[PDB]
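Following this are structure 1 and structure 2, which are two forms of one protein chain, each written alone as structure tokens.
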Structure 1
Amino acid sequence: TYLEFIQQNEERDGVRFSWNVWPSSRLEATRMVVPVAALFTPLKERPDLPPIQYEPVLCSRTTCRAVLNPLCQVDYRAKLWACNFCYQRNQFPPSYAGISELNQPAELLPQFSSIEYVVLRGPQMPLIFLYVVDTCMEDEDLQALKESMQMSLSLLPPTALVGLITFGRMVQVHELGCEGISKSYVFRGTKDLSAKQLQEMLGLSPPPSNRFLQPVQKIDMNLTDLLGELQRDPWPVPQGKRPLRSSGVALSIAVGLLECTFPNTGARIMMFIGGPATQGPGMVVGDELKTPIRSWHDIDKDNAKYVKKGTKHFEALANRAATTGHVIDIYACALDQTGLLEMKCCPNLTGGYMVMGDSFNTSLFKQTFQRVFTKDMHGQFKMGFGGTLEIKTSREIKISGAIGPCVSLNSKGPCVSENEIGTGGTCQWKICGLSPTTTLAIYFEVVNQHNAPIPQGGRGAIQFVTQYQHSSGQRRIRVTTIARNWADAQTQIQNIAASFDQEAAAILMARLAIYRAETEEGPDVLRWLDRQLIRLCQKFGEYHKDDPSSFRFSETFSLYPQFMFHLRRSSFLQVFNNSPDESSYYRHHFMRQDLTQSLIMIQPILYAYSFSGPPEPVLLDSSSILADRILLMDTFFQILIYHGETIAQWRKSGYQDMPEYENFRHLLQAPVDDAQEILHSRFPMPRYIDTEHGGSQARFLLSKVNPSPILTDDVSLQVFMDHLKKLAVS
């Protein structure tokens, strides 16, 4: 089964390919409109497998150096292995001399196609956490933020190094390790500062001691008291004015601080803001409340003064922190926009988190901020730091590029395609921050000539190697080797077509579309998206020419156009009903999510709970809203519960509470158990809504159903389908 294949290979290798059978011909690979691409989760949580306590064995050929993997043929008589990539014959290290067919090392076993090594790379390093805190907010929000930060301090490893940079109109860099007296350097939040500047201005260069960054359990009590001591920015806010907030200067100081003290090691720069930057480089809006912040209309009509300048400021800091190996988080809670559009590149490129909300004094934020510090079954943070991702391919496949939370390392080589996609031109990327959630999209190109024979073994291989700093300080190397069969398209079209993963392809094409819209500022992303959908219909559909009623799709393709119908009208591509900060927020989380959550984002799921049936997903239509059943809707960003008319009065009357009807008792608790399960797992925490037929709060449900570029923009899926069928049969 291909369903069973897709599911097993993601659970084991954390990979979802657009096509699980690849065409031998580079010419026919183009003719299949969706490229050979994969969603890749490098740290896919794998509790069944143990960590391997020795060094990976590497192919001795200089131009290759691939890791020993289960696809390598082994001469158990001669104690040699042949690399599946370059066919070099390699000897095993003398530790393996007792290798045999029935007693082979872990890396050769098919259960370890995905494997993690624990290696020794010199001195261990403690985790670093730099809190950059906005103090231009109300005392309630500031006090609530103080609790969450004190709480996070209690969870950090005892050896972890912490530091505090507070800022309002001024930027104050605090000094730790000093007890009985505390110093602080104060900067104007009006001028920018470089690394070499800050080093000389702060005078920088077996228990270790740095002035600005100190161990947690060693200076634990002084800081948690200080966070409670922290009060508002003392400057008064005049009439109709916004506080002078200089977040861009504080971030530049925070980035430059770690840059010339602890470069090239794990560090989180966590910026908390309760409003937009109003002063200094990186400013998003003036201090006059008379002038509104932003809108997609203002920037479109070129009426946004501070957008282009401020964006360049944060882009410069993002590439400095990514080059240094540092993570930048942004926790923004305010009643209005905070500048996420101009700041998105800092978490987007370093793998840092982006969190939205109305205030810090909400359940939503407090629960989200502690999910950041979720520990695994061994008591260690689920965070990884300074990940280097190297990909190696068979000589018939080249790498077009990657799309997701990463930065290119500019590693050229034979596997790198000349035609680039996303973050391309390299076979290595840096990912400063990652978790078992982090999912990149890698795009490949079949290079084998059209009339060339099928490659040697009949299957193409791809190896993913991820070296990262574990949250325990250990150096880990995660290796995943996959293989898919080559196919002669001239004789095996149905084999290729049957291996199509429509869910993976839809998301893989979505990342292309969103990257092309958000980056490079494409004007007609939909016209590309519509054209590719029509070709896929013309290629893999069944029809008689000029007969739209004849058109049909097999089960392997039938869901793809519906995905495209919701994608092209979703908030990731149509932004003019959200604020620029909101649009950047949705795209930030989509670009780093697995397949399951990505499908939920593009096409929200609607489960119906009715008698005489288990919970069944139903069409996102007003027709699904029936009186007999209770429906759950997941939007990823939000969860909603809705009860029909007849069920609404049953519950208020209390038949649930009757000892007669245990029948109704479990029907109104089943979706709440299911909703609460998604609540306490997803990151960030989604906002939750429970409503009924009266539905004062049920407006978002109806706004997601029946809500009101060659293909039609009509809201009715059928009208979109009948137009797609018409064009596919031309």
Structure 2
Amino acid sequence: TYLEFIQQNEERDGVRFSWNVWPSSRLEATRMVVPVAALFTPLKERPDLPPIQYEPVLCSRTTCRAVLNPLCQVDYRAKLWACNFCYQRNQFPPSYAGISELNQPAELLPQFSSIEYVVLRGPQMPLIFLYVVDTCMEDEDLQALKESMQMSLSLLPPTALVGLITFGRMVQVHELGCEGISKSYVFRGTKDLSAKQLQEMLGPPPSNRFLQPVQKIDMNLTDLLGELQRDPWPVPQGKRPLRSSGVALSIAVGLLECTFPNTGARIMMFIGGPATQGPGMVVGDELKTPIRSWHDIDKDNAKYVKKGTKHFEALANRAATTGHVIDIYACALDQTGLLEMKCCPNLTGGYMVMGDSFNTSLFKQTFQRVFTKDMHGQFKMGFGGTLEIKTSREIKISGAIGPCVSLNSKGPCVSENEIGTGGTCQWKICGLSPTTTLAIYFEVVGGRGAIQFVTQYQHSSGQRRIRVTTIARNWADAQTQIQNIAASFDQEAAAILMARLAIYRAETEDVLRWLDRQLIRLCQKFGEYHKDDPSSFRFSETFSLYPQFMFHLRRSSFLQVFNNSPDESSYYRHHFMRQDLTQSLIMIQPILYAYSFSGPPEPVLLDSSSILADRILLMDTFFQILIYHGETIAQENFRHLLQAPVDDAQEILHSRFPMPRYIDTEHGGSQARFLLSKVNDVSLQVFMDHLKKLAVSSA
């Protein structure tokens, strides 16, 4: 079963390819419609793999240096092995002298195609957490934010270093645990500082006066966080607070850059409004002028965006080069400036949380999900990840789309046609989780093509770890090329990988015109039809859902930005460019469940016909979970039905990291609009009919 194959490979290797069978010829590699690409999840969880405590064993060839993998030919008699990538024959290291065929290395069993090594050579650095807190917000929001950070403090590792930076009109770098005082370094939030200047102006496991071990500082920081008060500067009438977010971040970046560069650190920024002063300003302090919209930016009526986006863009590259993570937690009724600040959590592995207020269960729960621990009590987060990809000599890499930064590492596996963050075989991922999914786009220039994923990152324990996923896919049979190719098509993975390419081009500007010429080209090459007969068009069970995915993608909020705020549009694309396949599908085509007396809950189409008056609906967009009551039900058996979707909702409410917004609406309710807008050129019926007219006519 080709589906059993795709399932188990994602369960084992955390990867999903657009095509599981690759073009064996130059004429088919150039005529590829959906590119050969992979939805790679470097830290995916699974059924208790054994952590390999010995050295990885690498190939002895300067340019290659691939890791010993199940695709390597062994020779237990001669204690040799041939690297499957460069054909180089290798000798076994001394620790492998007792190697035998009845007792072999884990890295050779096909069960351990994806495996994790631990390198224990240098002393382990502590983790670093830098709270960057805005103070220009209402007391109920600030007190709630104070309570959220005091709780996260009680979960950090005792070895972890902590710093505190509060800001409003001025920026305050706190010197922790000073005794009898509790001083702080105050800076103007009006001019920027480099790392060097900041280092000059400011001054066994290491630490600073500003970054200190939790175990020795937690009691003083939990009292400081409890005594934090709003920005003491007054806000005159008709004015926004002077909020220096752009400088407060550049001081949090420069602080760690000149104290602990190239080590896992988390810059957690808490925003209660837009940056109204200094570099990285979003909007002026005049309440008369509203924050910019998608209408304002298209009509050249947003004088702060480009200058503001450019500021945080350099900050993102600074922290990404230094290897530090920038989180952004925004909760305000107006907009916040995520459009201008998106590069910081996007280029690093930073999280981006959005809400109306820090005083909601939405934020409070979402925030403590950041510090979820696994079966040992350690955070599900890794730091400073370096992803290197080894390919066969026939496979080049166009690039990646996802939370990563190019290390600009040159090599024969770099493709001329670069895609996304391309032109490199190594990518830095400052922060990642078991969910972090990259999108690698390959290009081809008996059997088996091979690709190896090597990910060295800093574990939440401080240990240096190396994840090695080695996958192999058959080369297409020459006398059955396109027939074998078509049978391996993963229509779900290809829809997300083609959606990744589109949103990346939109967020870096038509895009729909490209998205259609490829759906049409896929229809003609892999569909069944008589020419000029639209009624004849069918798709295999392998391709039948791809057009429907394209229908819901081209109309999604990821490409139709209007009727959303720019902060919402940047927030939606942020989480899509990071999630795995299954959650990405839920974003583009929300799931719909029906509830009625006439049977147990059942999934239903995302069409207006699914909305019945005597039926309760559950819609699962990734960002929001919605419950709808038809006109009739809007009034022990009535209890089971009314709470049947509520019980189903509570489960998925918890596991999802960015806790989705819950909605309880009914017929006529104002909140029913979210259901009516995801549902239904016009509809799918007209879209499919117009698609068949172009598929059966000229190419």
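Just so we're on the same page, rigid core means the largest C-alpha set that superposes within 1.5 Å between forms. Residue indices: 1-based, along structure 1.
Rigid-core fit between structures 1 and 2: of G613, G379, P110, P158, the one residue whose Cα shifts 2 angstroms or more is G613. With a cut-off of 2 Å and the rigid core superposed, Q143 has a Cα displacement that falls short of the cut-off between structures 1 and 2. Relative to the superposed core, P671 undergoes a Cα shift of 2 Å or more between structures 1 and 2. Taking the rigid core as fixed, one finds a CA shift for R169 smaller than 2 Å between structures 1 and 2. The two forms, fitted on their core, place the C-alpha of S696 5.2 Å apart, compared between structures 1 and 2. Relative to the superposed core, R629 has its Cα moved 4.0 Å between structures 1 and 2. Superposing the two forms on their core, we find that the Cα atom of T438 is displaced by 0.1 Å between structures 1 and 2.
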